[PDB]
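Structure record follows, encoded as structure tokens.
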Amino acid sequence: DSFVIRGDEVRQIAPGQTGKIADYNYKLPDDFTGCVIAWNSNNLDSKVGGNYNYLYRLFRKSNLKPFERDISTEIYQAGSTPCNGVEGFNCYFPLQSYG
Amino acid sequence: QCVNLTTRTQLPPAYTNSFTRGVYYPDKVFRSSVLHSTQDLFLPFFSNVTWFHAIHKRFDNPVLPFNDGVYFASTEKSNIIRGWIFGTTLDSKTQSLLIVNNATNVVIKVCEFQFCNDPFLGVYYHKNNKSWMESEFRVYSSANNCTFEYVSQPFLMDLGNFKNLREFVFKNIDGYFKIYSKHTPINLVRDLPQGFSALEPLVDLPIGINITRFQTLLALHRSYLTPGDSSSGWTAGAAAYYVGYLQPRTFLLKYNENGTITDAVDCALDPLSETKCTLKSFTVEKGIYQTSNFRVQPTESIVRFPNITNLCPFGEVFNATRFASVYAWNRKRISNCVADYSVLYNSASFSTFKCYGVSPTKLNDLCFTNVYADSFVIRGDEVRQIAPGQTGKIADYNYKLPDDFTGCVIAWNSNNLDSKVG
Amino acid sequence: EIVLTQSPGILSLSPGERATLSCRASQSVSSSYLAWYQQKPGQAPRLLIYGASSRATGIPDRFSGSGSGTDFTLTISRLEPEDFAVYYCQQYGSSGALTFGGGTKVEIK
Amino acid sequence: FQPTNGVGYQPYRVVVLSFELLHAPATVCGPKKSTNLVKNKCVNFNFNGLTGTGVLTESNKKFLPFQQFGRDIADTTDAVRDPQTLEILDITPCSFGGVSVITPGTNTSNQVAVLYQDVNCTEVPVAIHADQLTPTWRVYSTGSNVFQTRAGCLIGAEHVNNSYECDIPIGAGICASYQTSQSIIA
Amino acid sequence: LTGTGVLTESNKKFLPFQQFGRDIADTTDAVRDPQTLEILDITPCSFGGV
Amino acid sequence: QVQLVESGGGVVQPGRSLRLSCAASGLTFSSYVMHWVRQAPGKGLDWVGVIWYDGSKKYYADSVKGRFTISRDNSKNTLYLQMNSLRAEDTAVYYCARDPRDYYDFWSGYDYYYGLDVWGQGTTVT
Ligand SMILES: *[C@@H]1O[C@H](CO)[C@@H](O[C@@H]2O[C@H](CO)[C@@H](O[C@@H]3O[C@H](CO)[C@@H](O)[C@H](O)[C@@H]3O)[C@H](O)[C@H]2NC(C)=O)[C@H](O)[C@H]1NC(C)=O
Ligand SMILES: *[C@@H]1O[C@H](CO)[C@@H](O[C@@H]2O[C@H](CO)[C@@H](O)[C@H](O)[C@H]2NC(C)=O)[C@H](O)[C@H]1NC(C)=O
Ligand SMILES: *[C@@H]1O[C@H](CO)[C@@H](O)[C@H](O)[C@H]1NC(C)=O
Ligand SMILES: *[C@@H]1O[C@H](CO)[C@@H](O)[C@H](O)[C@H]1NC(C)=O
Ligand SMILES: *[C@@H]1O[C@H](CO)[C@@H](O)[C@H](O)[C@H]1NC(C)=O
Ligand SMILES: *[C@@H]1O[C@H](CO)[C@@H](O)[C@H](O)[C@H]1NC(C)=O
Ligand SMILES: *[C@@H]1O[C@H](CO)[C@@H](O)[C@H](O)[C@H]1NC(C)=O
Ligand SMILES: *[C@@H]1O[C@H](CO)[C@@H](O)[C@H](O)[C@H]1NC(C)=O
Ligand SMILES: *[C@@H]1O[C@H](CO)[C@@H](O)[C@H](O)[C@H]1NC(C)=O
Ligand SMILES: *[C@@H]1O[C@H](CO)[C@@H](O)[C@H](O)[C@H]1NC(C)=O
Ligand SMILES: *[C@@H]1O[C@H](CO)[C@@H](O)[C@H](O)[C@H]1NC(C)=O
Ligand SMILES: *[C@@H]1O[C@H](CO)[C@@H](O)[C@H](O)[C@H]1NC(C)=O
Ligand SMILES: *[C@@H]1O[C@H](CO)[C@@H](O)[C@H](O)[C@H]1NC(C)=O
């Protein structure tokens with residue numbers, strides 16, 4: 001299971017943790033048997049002037065089931081009014097670039 | 001392409017009694033002459049299963065909810081039924097699971113599919129030679145972003161008249177799609193037969209997607225007398241398929257000298273069955289017995305917390321311009337608010353988040369009695385000294401936590417604002 | 001380019017009566033090529049009968065058709081007020097030309 | 001602290017949170033959404049930071065001013081006050097005192113009788129939460145063959161005025177046997 | 001599977017999906033050889049009735 | 001609800017160019033043989049041409065020769081037709097109609113012809 005994050009969420013790749021990656025991007029199960037391998041890629045992944053290819057899911061209306069995948073780009077509703085798929089106030093893409 | 005087969009109206013759902021059919025093997029371990037007890041999602045015995053058909057001249061294949069798991073079944077000599085589709089929205093906004101079976105192979109694809117209102121598989125026969133069969137897929141309008149693709153040998157399918165029952169339990173646990181199945185002959189019965197049949201594992205697909213609804217796929221022979229677009233012209237044989245729902249239950253399982261499941265006892269089904277669970281033996285002697293009581297299952301969850309709608313006057317303690325020194329650390333009382341940490345995680349990335357006595361996850365579920373936040377600024381190599389039980393300059397001479405400390409430690413980088421040039 | 005002929009050109013019958021229609025072809029037809037249409041003035045033609053003696057979807061049972069070889073017939077059981085329009089017959093094959101008939105008209109009396 | 005300092009030297013802001021856990025009414029709680037209560041129903045409940053499974057029964061137990069919440073003599077939660085409603089609500093298990101199954105040998109037959117111990121017969125369906133139980137269990141819950149004993153309520157056997165020797169010791173002056181067709185007699 | 005003991009010839013049938021064999025005590029009593037399809041029964045080294 | 005939309009009408013200067021196009025609602029436009037029917041002001045219906053599911057075989061009527069070209073665009077859900085000249089045939093109403101005979105129907109040994117089921121709104125060509 002390969003993915004790119006930034007440093008402070010590396011502690012979140014563990015059974016029973018809370019954060020941006022564990023709650024809305026990639027959740028480990030409680031009975032997980034395996035290994036986690038994380039290494040530096042500032043020479044590889046980082047780009048001069050900013051790199052915006054990698055994306056993380058910021059807002060989602062539930063906590064993840066273990067080992068599942070969701071790439072839906074429906075607009076999050078931070079307000080009572082429906083966004084109707086239109087960007088505006090209290091309406092943002094769930095995905096966001098790391099930079 | 002799509003054909004809007006239209007059922008003028010859905011016929012009222014028909015309920016048939018499942019006859020203690022559908023118990024799958026829990027794990028790939030050879031067990032012989034040993035009674036094994038397991039608690040897994042299971043079809044309750046004698047449940048009210050569906051009696052949905054295929055051709056009456058309606059083509060009714062409606063979507064049904066996938067709450068926990070579906071026990072599917074099929075009874076036709078010709079293989080009218082082929083595959084299934086699983087998903088939560090089925091309109092190309094989420095990821096859906098496609099299962100389709102043609103004569104040469106079985107294709108399983110996890111993609112964003114725009115399913116038609118009435119999907120089916122088209123079988124076209126050359127005139128005067130049924131041997132020439134050409135198949136056109138009329139299930140998905142389009143496909144996009146396929147993650148998992150799987151191609152393999154066809155599931156056993158019919159090519160001395162006999163009817164072959166095919167049973168398929170679908171389960172979605174921990175992002176794994178488990179399929180269990182077994183095909184048996186049918187002789188002189190119109191509904192789901194009696195006896196016991198055990199389903200053996202066939203695949204374990206790591207689809208990792210949300211499943212809420214499912215729909216049955218039918219292969220319809222094409223009649224050229226009437227046009228293709230009209231519902232007419234897609235005639236096939238009369239096939240009825242069963243759909244059950246899995247509810248968590250505890251079932252004792254009986255193996256045999258050779259290692260195959262022969263009999264099962266569900267504790268919930270009978271008080272006598274519950275006695276068997278306690279004795280751990282199918283045979284029960286004459287007398288009175290006291291049994292462990294687990295026949296009651298939870299049906300709803302209710303949540304009660306006091307009326308506090310106020311976001312916490314943190315005072316932006318996390319965002320405060322100046323923090324306390326470590327020799328004089330500031331303690332702030334927190335009272336009469338609803339603590340939300342989701343905003344704090346969005347506001348800043350925390351390098352160290354270690355909680356003792358309360359888990360970091362499900363911490364938002366729990367209520368906290370009294371909160372005294374203690375804030376200070378240190379250097380990095382001393383951060384590990386904050387944890388209880390470890391010593392140092394800060395732990396011995398500046399700030400000490402007790403051994404029975406119940407709380408959390410949150411440390412984050414501040415070289416951007418707390419560092420001055422010179 | 002088959003010479004189709006519709007007779008009679010103009011029919012005058014009261015509503016509720018029975019009207020017969022003819023569409024003769026100059027060459028042999030395999031009895032699966034003709035179609036029958038109703039066209040009200042100012043609107044597009046509408047399918048009634050496809051092939052020979054086969055009713056299209058949405059067409060009521062009052063409309064009927066028959067015929068084989070070079071002689072083909074449309075027979076209506078009862079004439080509705082909304083069924084009064086002009087009618088055309090065609091004939092088509094995969095390599096065959098498509099030729100509509102001159103047309104026939106039913107009229108109030 | 002200096003701008004170009006090493007990562008160890010760079011300042012790291014530390015905030016430590018200290019919680020006491022359920023010894024007083026809680027002024028601060030998490031973002032869970034409160035829902036209405038369902039009294040006398042087998043549900044999962046999360047009351048003021050304690051999670052459990054059972055039914056909830058109303059009571060009029062008075063409490064000291066400092067702690068509305070109370071603990072039993074075995075330190076089990078005898079009653080926890082509902083947050084929104086000031087009425088005293090105590091946890092009662094879905095499982096009451098353990099039922100006794102009374103059966104002949106499975107070689108002979110499969111008919112069984114159920115004794116609900118120390119429970120009045122009229123209160124038996126409520127005690128076992130029959131509506132929650134399976135329909136086959138529900139037939140055991142309510143029947144014409146209902147006998148009230150000092151031990152409890154026996155359902156599934158017919159009582160006889162004639163006296164026979166004890167085969168199965170029900171208790172409290174009651175015993176069962178299998179006799180003629182063939183059925184469980186008490 | 002690491003263990004000490006006796007490897008004996010076995011005639012026990014093995015289903016293809018199943019690779020290991022456990023007794024009524026749930027401990028491992030039979031195994032299939034990785035290279036060849038023969039079934040080997042695991043036997044305690046000392047009966048200990050001594 | 002199936003609807004075919006006509007366009008490119010109106011009276012123009014007679015000769016050398018005019019544009020017709022027929023749209024189709026839904027996603028069942030492709031793979032269905034389509035024909036163009038021209039309605040004379042007082043002389044009944046007539047034929048223009050036919051195109052198959054992929055356009056490999058095309059055929060035209062004897063009324064006009066060398067002036068009509070038929071093509072289908074799969075992505076735009078619109079079929080395009082062009083007249084290289086405008087003869088004395090004026091005030092002719094042109095319809096686009098869809099015939100359900102799919103590739104599979106003529107692929108099978110069966111020799112069958114269905115009917116022109118759904119028609120367009122119509123247009124004015126002068
Ligand atoms: C898997 O998909 C299902 C949908 O098929 C998800 O369940 C749905 O979750 C949404 C919130 O994300 C629920 O919307 C909420 O509905 C309530 C009223 O019921 C409303 O008050 C809220 O404001 C909000 O609109 C939706 O009702 C719910 N539907 C079902 C079937 O329960 C489910 O969460 C997904 N599972 C995961 C974690 O992937
Ligand atoms: C059944 O469907 C599968 C998947 O579409 C077919 O397999 C491939 O089909 C494509 C065309 O759709 C070919 O270009 C590939 O070469 C096929 N690959 C294989 C492995 O055959 C399969 O041919 C279909 N079989 C039937 C009965 O039509
Ligand atoms: C099953 O269906 C029947 C008839 O609709 C109904 O009476 C019964 O309550 C249902 N539930 C059971 C017992 O499975
Ligand atoms: C039908 O097809 C099979 C296989 O293509 C062929 O062997 C047989 O001769 C055919 N029968 C006919 C053409 O009557
Ligand atoms: C398909 O994948 C891309 C990412 O490579 C993504 O941008 C797009 O949202 C996906 N398509 C959808 C959601 O339909
Ligand atoms: C075990 O399998 C053998 C061979 O199939 C068969 O003869 C025997 O009857 C089976 N016995 C049991 C207990 O199923
Ligand atoms: C903290 O301050 C920054 C600006 O320096 C602001 O962008 C961020 O939203 C604040 N977070 C909070 C509300 O604590
Ligand atoms: C809590 O607030 C709601 C309105 O949001 C109100 O209807 C309800 O009665 C209040 N309950 C209490 C504890 O007063
Ligand atoms: C009951 O036990 C007898 C032996 O005492 C045996 O022959 C018979 O088959 C058994 N019957 C059942 C139903 O178990
Ligand atoms: C409950 O049991 C007691 C003890 O025998 C009895 O006195 C009382 O009448 C019973 N009440 C009901 C309602 O059955
Ligand atoms: C058995 O005793 C009960 C006690 O009330 C009585 O009502 C019943 O009539 C008696 N039966 C006989 C046969 O004496
Ligand atoms: C492994 O390969 C070697 C060399 O081909 C062969 O001698 C040996 O028997 C093989 N092991 C197996 C599969 O039994
Ligand atoms: C029928 O199919 C068409 C596409 O050809 C679609 O636009 C329409 O919504 C469908 N109607 C029904 C009854 O599903």
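A note on labels: chains of the structure tokens are A, B, ... as shown, every chain counts residues from 1, and ligands are counted from 1 in their shown order.
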
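Any residue of chain B with an atom within 10 Å of chain C counts; using only C-alpha atoms, that gives residues 225, 226, 227, 230, 231 and 232 of chain B.
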
### Message
10 Å from ligand 10 is the threshold here; counting only C-alpha atoms and all ligand atoms, which polymer residues fall inside it? Answer as a PyMOL selection string.
### Response
chain D and resi 118-124+148-152

What are the closest atom pairs, with distances in Å to one decimal, for all residues of chain D lying within 8 Å of ligand 8? Consider only C-alpha atoms and all ligand atoms, order rows by chain and residue number, and present the result as a tab-separated table.
```
residue	atom	partner	partner_atom_place_in_ligand_line	distance
D:83	CA	ligand 8	13 (C)	7.0
D:84	CA	ligand 8	13 (C)	3.9
D:85	CA	ligand 8	13 (C)	6.3
```

Residues of chain D within 10 Å of ligand 9: nearest atom pair and distance (Å, one decimal) for each, counting only C-alpha atoms and all ligand atoms, sorted by chain and number, as CSV?
```
residue,atom,partner,partner_atom_place_in_ligand_line,distance
D:105,CA,ligand 9,14 (O),9.0
D:106,CA,ligand 9,14 (O),6.9
D:107,CA,ligand 9,14 (O),4.1
D:108,CA,ligand 9,13 (C),6.5
D:109,CA,ligand 9,13 (C),7.9
D:110,CA,ligand 9,13 (C),10.0
```

Please save N, CA, C and O atoms of the selected residues as a PDB file, in the first residue's frame.
```pdb
ATOM      1  N   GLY D 105     -34.204 -36.136  26.664  1.00  0.00           N
ATOM      2  CA  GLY D 105     -33.086 -36.409  25.777  1.00  0.00           C
ATOM      3  C   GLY D 105     -33.425 -36.054  24.340  1.00  0.00           C
ATOM      4  O   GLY D 105     -34.572 -36.178  23.902  1.00  0.00           O
ATOM      5  N   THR D 106     -32.410 -35.595  23.601  1.00  0.00           N
ATOM      6  CA  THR D 106     -32.599 -35.309  22.182  1.00  0.00           C
ATOM      7  C   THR D 106     -32.836 -36.584  21.383  1.00  0.00           C
ATOM      8  O   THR D 106     -33.365 -36.530  20.267  1.00  0.00           O
ATOM      9  N   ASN D 107     -32.435 -37.733  21.934  1.00  0.00           N
ATOM     10  CA  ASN D 107     -32.769 -39.018  21.330  1.00  0.00           C
ATOM     11  C   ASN D 107     -34.274 -39.253  21.333  1.00  0.00           C
ATOM     12  O   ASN D 107     -34.825 -39.820  20.383  1.00  0.00           O
ATOM     13  N   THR D 108     -34.956 -38.822  22.396  1.00  0.00           N
ATOM     14  CA  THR D 108     -36.397 -39.024  22.493  1.00  0.00           C
ATOM     15  C   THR D 108     -37.163 -38.000  21.664  1.00  0.00           C
ATOM     16  O   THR D 108     -37.926 -38.366  20.763  1.00  0.00           O
ATOM     17  N   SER D 109     -36.972 -36.715  21.950  1.00  0.00           N
ATOM     18  CA  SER D 109     -37.719 -35.662  21.274  1.00  0.00           C
ATOM     19  C   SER D 109     -36.942 -34.358  21.378  1.00  0.00           C
ATOM     20  O   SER D 109     -35.845 -34.305  21.937  1.00  0.00           O
ATOM     21  N   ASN D 110     -37.532 -33.301  20.821  1.00  0.00           N
ATOM     22  CA  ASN D 110     -36.916 -31.982  20.793  1.00  0.00           C
ATOM     23  C   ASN D 110     -37.744 -30.911  21.491  1.00  0.00           C
ATOM     24  O   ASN D 110     -37.380 -29.732  21.429  1.00  0.00           O
TER      25      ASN D 110
END
```

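Each of D:40, D:134, D:179, D:145 was checked against chain B using only C-alpha atoms; the smallest atom-to-atom distance is that of D:134.
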
### Task
Identify all residues of chain F in strand (DSSP E) (DSSP on the backbone) and supply them as a PyMOL selection string.
chain F and resi 6-7+19-23+34-39+45-51+58-60+68-73+78-83+92-98+118-119+124-125

### Query
Do you have the atom CA of residue 350 of chain B-atom CA of residue 416 of chain B distance handy?
14.5 Å

### Message
For residue 2 of chain F, find every residue with an atom within 12 Å (counting only C-alpha atoms), except residues of its own chain fewer than 3 positions away, and show them as a PyMOL selection string.
### Response
(chain B and resi 4+229) or (chain F and resi 5+23-29+97-98+117-121)

Requested write-out: C-alpha atoms of the selected residues, as a PDB file, in the first residue's frame:
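result-v6.pdb written:
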```pdb
ATOM      1  CA  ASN B   4     -35.350   0.773 -20.877  1.00  0.00           C
ATOM      2  CA  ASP B 229     -35.270  -1.036 -28.214  1.00  0.00           C
TER       3      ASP B 229
ATOM      4  CA  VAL F   5     -34.093  18.165 -32.791  1.00  0.00           C
ATOM      5  CA  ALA F  23     -29.537  16.078 -32.787  1.00  0.00           C
ATOM      6  CA  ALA F  24     -30.735  13.264 -30.512  1.00  0.00           C
ATOM      7  CA  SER F  25     -31.482  13.256 -26.791  1.00  0.00           C
ATOM      8  CA  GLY F  26     -30.106  10.451 -24.650  1.00  0.00           C
ATOM      9  CA  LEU F  27     -27.142   8.123 -25.258  1.00  0.00           C
ATOM     10  CA  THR F  28     -28.816   5.649 -27.711  1.00  0.00           C
ATOM     11  CA  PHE F  29     -27.986   7.736 -30.849  1.00  0.00           C
ATOM     12  CA  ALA F  97     -35.838   9.393 -38.149  1.00  0.00           C
ATOM     13  CA  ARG F  98     -34.240   6.565 -36.159  1.00  0.00           C
ATOM     14  CA  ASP F 117     -40.056   4.579 -34.979  1.00  0.00           C
ATOM     15  CA  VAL F 118     -39.210   8.097 -33.758  1.00  0.00           C
ATOM     16  CA  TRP F 119     -39.148  11.204 -35.957  1.00  0.00           C
ATOM     17  CA  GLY F 120     -37.770  14.710 -35.596  1.00  0.00           C
ATOM     18  CA  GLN F 121     -39.545  18.031 -35.207  1.00  0.00           C
TER      19      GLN F 121
END
```

### Task
Pick out the residues no farther than 8 Å from ligand 1, counting only C-alpha atoms and all ligand atoms, and list them as a list in words.
residues 60, 61, 62, 63, 64, 65 and 70 of chain A; 88, 89, 209, 210, 211, 212 and 213 of chain B

Writing out the chosen residues with N, CA, C and O atoms as a short mmCIF file (atom, residue, chain, number, x, y, z; two decimals), in the first residue's frame:
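Output (result05.cif):
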```cif
data_model
loop_
_atom_site.label_atom_id
_atom_site.label_comp_id
_atom_site.auth_asym_id
_atom_site.auth_seq_id
_atom_site.Cartn_x
_atom_site.Cartn_y
_atom_site.Cartn_z
N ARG A 60 -14.72 15.11 5.14
CA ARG A 60 -15.59 14.00 4.80
C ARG A 60 -16.47 13.72 6.02
O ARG A 60 -16.05 13.95 7.16
N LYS A 61 -17.68 13.23 5.77
CA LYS A 61 -18.73 13.28 6.79
C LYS A 61 -18.78 11.99 7.61
O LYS A 61 -19.81 11.70 8.23
N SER A 62 -17.68 11.24 7.62
CA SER A 62 -17.61 10.02 8.41
C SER A 62 -16.17 9.62 8.68
O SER A 62 -15.24 10.15 8.07
N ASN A 63 -15.97 8.69 9.61
CA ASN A 63 -14.67 8.14 9.91
C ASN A 63 -14.52 6.81 9.18
O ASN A 63 -15.47 6.03 9.09
N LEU A 64 -13.32 6.58 8.64
CA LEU A 64 -13.15 5.57 7.60
C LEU A 64 -13.24 4.16 8.17
O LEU A 64 -12.80 3.89 9.29
N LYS A 65 -13.82 3.26 7.39
CA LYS A 65 -13.65 1.84 7.64
C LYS A 65 -12.24 1.42 7.24
O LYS A 65 -11.62 2.04 6.37
N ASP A 70 -11.81 5.69 -1.41
CA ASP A 70 -12.84 6.62 -1.86
C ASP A 70 -12.18 7.78 -2.58
O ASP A 70 -11.37 8.50 -1.98
N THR B 88 -22.92 2.05 -3.94
CA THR B 88 -23.68 2.84 -2.96
C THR B 88 -24.56 3.86 -3.67
O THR B 88 -25.59 4.26 -3.07
N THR B 89 -24.18 4.32 -4.86
CA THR B 89 -24.96 5.35 -5.59
C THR B 89 -25.31 4.86 -7.00
O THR B 89 -26.40 5.22 -7.47
N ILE B 209 -14.26 -0.62 -1.02
CA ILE B 209 -15.22 0.41 -1.40
C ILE B 209 -16.48 0.26 -0.56
O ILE B 209 -16.74 -0.78 0.04
N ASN B 210 -17.26 1.34 -0.54
CA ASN B 210 -18.52 1.36 0.20
C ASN B 210 -19.62 0.72 -0.64
O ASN B 210 -19.82 1.08 -1.80
N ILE B 211 -20.34 -0.24 -0.04
CA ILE B 211 -21.41 -0.96 -0.71
C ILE B 211 -22.70 -0.75 0.08
O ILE B 211 -22.73 -1.00 1.29
N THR B 212 -23.75 -0.28 -0.59
CA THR B 212 -25.01 -0.01 0.07
C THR B 212 -26.17 -0.68 -0.67
O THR B 212 -27.15 -1.10 -0.05
N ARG B 213 -26.05 -0.81 -1.98
CA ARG B 213 -27.10 -1.40 -2.80
C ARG B 213 -26.49 -2.36 -3.81
O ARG B 213 -25.31 -2.27 -4.17
#
```

### Task
Quick one: pick out all alpha helix (DSSP H) residues within segment 69-167 of chain D from a backbone DSSP run and write them as number ranges by chain.
D: 124-128, 135-141

Selected residues, N, CA and C atoms, written as a compact mmCIF listing (two decimals), in the first residue's frame, please.
```txt
# COMPACT_ATOMS: atom_id res chain seq x y z
N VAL D 124 -43.23 -11.47 32.71
CA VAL D 124 -42.22 -12.29 31.97
C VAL D 124 -41.90 -11.73 30.58
N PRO D 125 -42.86 -11.33 29.72
CA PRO D 125 -42.50 -10.88 28.38
C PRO D 125 -41.60 -9.65 28.48
N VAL D 126 -41.96 -8.73 29.39
CA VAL D 126 -41.17 -7.47 29.54
C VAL D 126 -39.76 -7.83 30.01
N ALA D 127 -39.65 -8.76 30.96
CA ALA D 127 -38.32 -9.10 31.53
C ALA D 127 -37.42 -9.70 30.45
N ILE D 128 -37.97 -10.57 29.60
CA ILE D 128 -37.13 -11.25 28.58
C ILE D 128 -37.03 -10.37 27.33
N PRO D 135 -38.84 -14.96 16.84
CA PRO D 135 -40.25 -15.35 16.91
C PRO D 135 -40.43 -16.73 17.56
N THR D 136 -39.53 -17.67 17.28
CA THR D 136 -39.60 -18.99 17.94
C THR D 136 -39.44 -18.79 19.45
N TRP D 137 -38.51 -17.93 19.85
CA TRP D 137 -38.36 -17.62 21.30
C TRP D 137 -39.65 -16.96 21.79
N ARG D 138 -40.26 -16.11 20.96
CA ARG D 138 -41.49 -15.38 21.35
C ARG D 138 -42.63 -16.38 21.62
N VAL D 139 -42.72 -17.47 20.85
CA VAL D 139 -43.77 -18.49 21.16
C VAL D 139 -43.48 -19.06 22.55
N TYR D 140 -42.21 -19.28 22.89
CA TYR D 140 -41.86 -19.73 24.26
C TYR D 140 -42.23 -18.63 25.26
N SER D 141 -42.10 -17.36 24.87
CA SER D 141 -42.42 -16.23 25.77
C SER D 141 -43.89 -16.23 26.18
```

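Shell of residue 308 of chain B at 10 Å, with only C-alpha atoms counted and residues fewer than 6 places along the chain excluded, is residues 336, 337 and 338 of chain B; 27, 28, 29, 30 and 31 of chain D.
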
Next, dump the selected residues to file, keeping only N, CA, C and O atoms, as an mmCIF file, in the first residue's frame.
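Result file follows (result_18.cif):
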```cif
data_model
loop_
_atom_site.group_PDB
_atom_site.id
_atom_site.type_symbol
_atom_site.label_atom_id
_atom_site.label_comp_id
_atom_site.auth_asym_id
_atom_site.auth_seq_id
_atom_site.Cartn_x
_atom_site.Cartn_y
_atom_site.Cartn_z
ATOM 1 N N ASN B 336 -17.518 24.758 30.309
ATOM 2 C CA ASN B 336 -18.765 25.098 29.619
ATOM 3 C C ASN B 336 -18.548 25.328 28.124
ATOM 4 O O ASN B 336 -18.800 26.408 27.587
ATOM 5 N N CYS B 337 -18.079 24.281 27.451
ATOM 6 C CA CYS B 337 -17.970 24.303 26.000
ATOM 7 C C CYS B 337 -18.005 22.878 25.472
ATOM 8 O O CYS B 337 -17.956 21.917 26.241
ATOM 9 N N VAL B 338 -18.031 22.744 24.143
ATOM 10 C CA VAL B 338 -17.962 21.385 23.526
ATOM 11 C C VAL B 338 -16.617 21.275 22.805
ATOM 12 O O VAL B 338 -16.408 22.003 21.815
ATOM 13 N N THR D 27 -18.430 19.657 32.411
ATOM 14 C CA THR D 27 -18.689 20.927 31.745
ATOM 15 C C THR D 27 -18.276 20.913 30.282
ATOM 16 O O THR D 27 -18.758 21.743 29.503
ATOM 17 N N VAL D 28 -17.400 19.994 29.890
ATOM 18 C CA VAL D 28 -16.896 19.922 28.523
ATOM 19 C C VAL D 28 -17.117 18.516 27.976
ATOM 20 O O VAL D 28 -16.897 17.517 28.674
ATOM 21 N N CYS D 29 -17.606 18.438 26.738
ATOM 22 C CA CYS D 29 -17.896 17.170 26.086
ATOM 23 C C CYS D 29 -17.489 17.243 24.623
ATOM 24 O O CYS D 29 -17.155 18.309 24.103
ATOM 25 N N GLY D 30 -17.522 16.090 23.960
ATOM 26 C CA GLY D 30 -17.094 15.985 22.586
ATOM 27 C C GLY D 30 -18.182 16.310 21.581
ATOM 28 O O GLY D 30 -19.347 16.517 21.934
ATOM 29 N N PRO D 31 -17.876 16.319 20.252
ATOM 30 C CA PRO D 31 -18.850 16.721 19.233
ATOM 31 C C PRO D 31 -19.830 15.618 18.823
ATOM 32 O O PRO D 31 -20.316 15.674 17.710
#
```

### Query
If you measure from atom CA of residue 359 of chain B to atom CA of residue 18 of chain A, what distance in Å do you get, rounded to one decimal?
9.3 Å

### Message
List as a ChimeraX atom specification the protein and nucleic acid residues near residue 22 of chain E, meaning an atom at most 12 Å away when only C-alpha atoms are counted, but skip any in the same chain fewer than 3 places from it.
### Response
/B:27-34,36,259 /E:12,14,18-19,25-32,41-42

### Query
Got a sec to check which residues lie within 10 Å of ligand 12, using only C-alpha atoms and all ligand atoms, and send them as a PyMOL selection string?
chain E and resi 33-37

Written selection (N, CA and C atoms) as a PDB file, in the first residue's frame:
```
ATOM      1  N   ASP E  33       3.558 -30.834   2.828  1.00  0.00           N
ATOM      2  CA  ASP E  33       4.911 -30.465   2.442  1.00  0.00           C
ATOM      3  C   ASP E  33       4.860 -29.354   1.395  1.00  0.00           C
ATOM      4  N   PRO E  34       5.761 -28.373   1.467  1.00  0.00           N
ATOM      5  CA  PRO E  34       5.724 -27.280   0.480  1.00  0.00           C
ATOM      6  C   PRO E  34       6.135 -27.704  -0.920  1.00  0.00           C
ATOM      7  N   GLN E  35       7.160 -28.549  -1.045  1.00  0.00           N
ATOM      8  CA  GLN E  35       7.650 -28.918  -2.370  1.00  0.00           C
ATOM      9  C   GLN E  35       6.742 -29.945  -3.036  1.00  0.00           C
ATOM     10  N   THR E  36       6.469 -31.056  -2.358  1.00  0.00           N
ATOM     11  CA  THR E  36       5.662 -32.135  -2.905  1.00  0.00           C
ATOM     12  C   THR E  36       4.347 -32.236  -2.144  1.00  0.00           C
ATOM     13  N   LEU E  37       3.382 -32.933  -2.745  1.00  0.00           N
ATOM     14  CA  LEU E  37       2.007 -32.901  -2.259  1.00  0.00           C
ATOM     15  C   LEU E  37       1.739 -33.881  -1.121  1.00  0.00           C
TER      16      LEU E  37
END
```

### Task
Could I get the residue neighbourhood of ligand 3 at 6 Å, counting only C-alpha atoms and all ligand atoms, as a ChimeraX atom specification?
/B:15,47-48

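Atom pair atom CA of residue 58 of chain D / atom CA of residue 26 of chain D: separated by 21.7 Å.
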
### Query
For chain B against chain D, which residues fall within 6 Å using only C-alpha atoms, given as a PyMOL selection string?
chain B and resi 284-290+298+300-306+335-340+364-381+407-415+419+421
